[PDB]
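**Q** take this sequence and fold it.
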Amino acid sequence: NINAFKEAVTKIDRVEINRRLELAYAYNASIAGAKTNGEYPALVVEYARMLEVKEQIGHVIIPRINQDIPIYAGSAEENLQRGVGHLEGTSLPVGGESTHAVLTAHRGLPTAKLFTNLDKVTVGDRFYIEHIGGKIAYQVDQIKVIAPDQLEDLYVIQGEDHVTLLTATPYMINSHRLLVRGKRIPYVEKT
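**A** Numbering: from 1, shown residues only. The structure is reproduced below:
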């Protein structure tokens, strides 16, 4: 899992990593640029191929709830079973001006806690993402509960850099979605 990712990435030269991020940066700019054109966001395929190392696109760490979990491309059930699903149609989770990454998961599973305690994360709490290019930090600036049908909160916000953690709610009813939103912040690597 994560281990096979950290070690795998460490074996890839700078130039290749660079090339792969640049693909993802361009992909994120396309998504943000369609949004500015008043275009609608559409929320076996390799849209995030460039970011995959051992089938994963990164992992999400959340110290408040002791979770460190691998991110898979796409919101497909078989992925949602082993970790986080990245929502196709939303920014790839490498940061940048005008990016909004969205990651989903099951809020409770006999095999993995996953986002079962996401309701404990509070504004001001931090979460991190490790990807091929390294590690970036977010601080929670918004917590919201929407209907499954309400999509506006998941679109790119021009000028901003965000990632939304999403899961079903209330616990055991799962009739609405809970969104825990982070704002990009600086991250002091040697710490």
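
**Q** parallel or antiparallel, which strands does whichever strand in the chain runs longest pair with?
**A** Taking residue count as the measure and DSSP state E as the definition, the longest strand of the chain comes out as strand 134-146. The pairing partners recorded for strand 134-146 under DSSP bridges are strand 126-131 (antiparallel), strand 176-185 (antiparallel).

**Q** show residues contacting the last one.
**A** Right, strand 176-185. Applying C-beta atoms under 8 Å, 6 or more residues apart in numbering, the set of residues contacting strand 176-185 from outside is 95, 107, 118-119, 121, 126-127, 136-148, 153-154, 160-170. In this view, the C-beta of every residue, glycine as well, is placed from N, C-alpha and C.

**Q** and the strands in the protein?
**A** In the chain, the segments counted as strands under DSSP E are 58-62, 67-73, 84-86, 99-104, 126-131, 134-146, 161-169, 176-185.

**Q** residue 41: which of the ones you listed is closest?
**A** Nearest to residue 41 among the strands of the chain is strand 99-104; the distance by C-beta to C-beta comes to 9.7 Å.

**Q** could you give the angle of that closest one to strand 134-146?
**A** Strand 99-104 and strand 134-146 meet at an angle of 70 degrees, taking axes from the mean of the first three to the mean of the last three C-alpha atoms, to 10 degrees as the criterion.

**Q** pull the distance from strand 99-104 to the chain's centre.
**A** 4 Å (C-alpha atoms, centre = their mean, to the nearest Å).

**Q** please report how far the closest residue to residue 170 other than its chain neighbours lies from residue 34.
**A** Nearest-residue entry for residue 170: residue 176, 7.3 Å, with adjacent residues in sequence omitted and distances by C-beta to C-beta, 6 or more residues apart in numbering. Separation of residue 176 from residue 34 (C-beta to C-beta, to the nearest Å): 27 Å.

**Q** got it, and residue 128?
**A** Residue 128 sits at a distance of 28 Å from residue 34 (criterion: C-beta to C-beta).

**Q** also residue 8?
**A** Noted for residue 8: a distance of 32 Å to residue 34, by C-beta to C-beta.

**Q** cool, residue 16 as well?
**A** In this structure, residue 16 and residue 34 are 28 Å apart, going by C-beta to C-beta.

**Q** more neighbours: which of those two?
**A** Shown here are residue 16 and residue 34; by other C-beta atoms under 10 Å, residue 34 has more neighbours (15 against 11).

**Q** now the closest residue to that one other than its chain neighbours: phi and psi?
**A** Spatial nearest neighbour of residue 34, excluding adjacent residues (C-beta to C-beta, 6+ apart): residue 41 at 7.4 Å. For residue 41, the backbone dihedrals are phi -90, psi 120 (criterion: degrees, to the nearest 10).

**Q** surely residue 57 and residue 69 touch.
**A** No. The pair formed by residue 57 and residue 69 falls short of the contact definition of C-beta atoms under 8 Å, at 11.9 Å.
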